[PDB]
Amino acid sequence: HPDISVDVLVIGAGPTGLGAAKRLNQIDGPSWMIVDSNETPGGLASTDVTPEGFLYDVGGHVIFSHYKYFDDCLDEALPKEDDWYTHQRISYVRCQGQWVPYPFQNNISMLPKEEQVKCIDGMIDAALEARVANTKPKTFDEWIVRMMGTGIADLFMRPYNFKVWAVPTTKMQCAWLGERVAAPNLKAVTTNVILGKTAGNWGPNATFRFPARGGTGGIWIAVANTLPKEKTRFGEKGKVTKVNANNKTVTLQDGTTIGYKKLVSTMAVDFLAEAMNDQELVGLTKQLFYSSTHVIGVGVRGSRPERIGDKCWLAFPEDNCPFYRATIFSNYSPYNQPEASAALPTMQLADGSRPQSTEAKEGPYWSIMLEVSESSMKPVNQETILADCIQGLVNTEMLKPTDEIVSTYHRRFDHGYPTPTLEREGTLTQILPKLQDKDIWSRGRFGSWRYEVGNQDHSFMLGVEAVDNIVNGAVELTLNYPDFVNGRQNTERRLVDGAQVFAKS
């Protein structure tokens, strides 16, 4: 006899868990409950704030929704027109003193001519190989070089992805990138070079909306608030410490035990295996690879410098900086940093100098959010990484030596990226089925470990589709067919389906 019993138990109130709970709440048939060890929902889509009042997401978080369901829930949670700000998807690659518009290969006219000649020769080779190709690429590296050619590969995607994944490109699968043939568009690349043209992959219709307040985490707080309070349990009181798969019982930190018939676990699957004391599953989940994510934030005094402008996020293939991505987070919402009348002392100059004065002076302020990856193949000195990042900002000309830093943030997230290693699927197809057999739907960015469906919308839907499978016999498409859900706008499943309509009648 456990203290609580429900039909379906959801561990975790990240996007994936909140999805489950939303669908469960919409269906309102089987009983359910959601728990989380954090008092605040959001998981890796949470947001911190520095004591100086600079918000930081867990690194660059831009929403692109493949599902009208996701949209419905965001619209419900933040329904007002100024709950959101709309921006173009403006991104660039830092290469050889230049801000190269994404996509890199369409903009190498900004590079020295001698370099363009190397790139184009490289891609000519790739086009001619691609014309007679009858195998699929087996690694991320093959995919890159087949798609880009050697010169362009070496300039960007190759060193960039090591910096991103903290594993070399030769060690990753490439199926996760979808069905597009690994072949170059040689005409597009040569055309822009010939025309001396630059062109980004954004415009009036390639946008994203970002929450006005609270950062990305404001979304998930608001979504969570729509759920019936009593069916939630967040904080130390919601910490799962034991899962008895055989007895279908979960134990919490405070000794409270929960009976379930179906388990949706959105905690990391290596953690769940531990919570199960399933030795075999601990072995299997230890074979999975992941990188850790250091997020570093810098609050800078002054209005937005011309050189920064409308830039949103930025990729960094070169090694004069430790970060792989920078976000101009102050561009996402004016409320991601203090108002210009907020007085802050300067903490340091970007070159590391003490400020001439320690007096609190006003803004306006802008803000840079950096990401650094860590793994057993790429260590990160936690003591010096902030300074390395700030030096990185100077080296990349994001900051002048004189720019005034007024806030710093550094947090290290254990599970950051789940890595599409060559061995991933071989391992996941041993883990997920055994959990399934015990009526455990383990889902999410580290629930099911599949990056290609690891964004907020994917996660959210992984939870929804897990619930729909449990209840309505629906296919878990996001889980098992990433190319399908990413290749279409999923419009059928809505926050109001015909069931709720016919029922109110």
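Throughout, we count residues from 1 along the sequence that is shown.
Taking the mean C-alpha B-factor of each stretch as recorded, 341-349 and 386-394 are not equal, and the higher mean is that of 341-349.
If you average the C-alpha B-factors over 77-85 and over 321-329, the higher value belongs to 77-85.
When the Cα B-factors of 111, 245, 428, 193 are read from the PDB record, 245 comes out highest. When the C-alpha B-factors of 138, 94, 237, 187 are ranked from the entry, the top spot goes to 237.
Split the chain's modelled residues into thirds by C-alpha temperature factor. Residue 478 is in the lowest one. For residue 270, the recorded CA B-factor ranks within the middle third of the chain. Only modelled residues enter the ranking. Per the deposited record, the Cα B-factor of residue 365 falls in the middle third when ranked against the other modelled residues of its chain. Residue-level temperature factors show residue 374 in the middle third of its chain, judged at the C-alpha atom.
Residue 403 sits in the middle third of its chain by CA B factor, as recorded in the PDB entry.
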